[PDB]
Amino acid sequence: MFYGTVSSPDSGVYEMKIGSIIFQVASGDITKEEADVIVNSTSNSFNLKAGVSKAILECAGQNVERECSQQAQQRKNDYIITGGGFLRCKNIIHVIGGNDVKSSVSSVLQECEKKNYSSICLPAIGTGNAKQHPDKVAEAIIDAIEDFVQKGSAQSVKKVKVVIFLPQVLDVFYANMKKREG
């Protein structure tokens, strides 16, 4: 059930179908990507600037930084949605790196359906400052997408891409895809 075949459409990029969704992984700088939503993996204060969060907040700009701290003071949030600033996206969804990764990805998918968005790009959530294990993170991200497909929830969402800072973490994601393939 659900899983297609792993192939490489471009050097260093690997993909497979999960239901109707194209799931892709690659190594690189996520701030150079274009997608409807880019995901940030941050602290429970939404003001971290270390690792992926440093690159995202510096490239998005000061207006996005201020939107984050404004929402953080308003209520207790599991995640926040801001504009894209100077990134090539419509919105940034800022998730907490130390939280359950399957839950965080499920929330991102649901928010993207609510906006009728088609494409998402995320980092290896939790593997930076939060120091979650890469094998557990890969299993959680792919499980969230499988659950979303099984429930019949994929309508607008067509492409989910993980852009991963360390090539060694990319290798862990690729092995998990091969374990699942049809």
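Quick note: we count residues from 1 along the sequence shown, nothing fancier.
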### Message
Mean CA temperature factor from the deposited coordinates, higher in 10-18 or in 160-168?
### Response
10-18
### Message
Mean Cα B factor from the PDB record: higher for 70-78, or higher for 102-110?
### Response
70-78
### From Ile38, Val137, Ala144, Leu57, residue of greatest CA B-factor
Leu57
### Task
Just grab whichever of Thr42, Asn116, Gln132, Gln150 has the top CA B-factor as deposited.
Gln150
### Query
In terms of the chain's CA B-factor thirds, is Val64 lowest, middle or highest?
highest
### Task
State the tercile, meaning the lowest, middle or highest third, of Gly128 with respect to the CA B-factors recorded for its chain.
highest
### Message
When the deposited Cα B-factors of this chain's modelled residues are ordered and cut into thirds, is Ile120 in the lowest, the middle or the highest one?
### Response
lowest
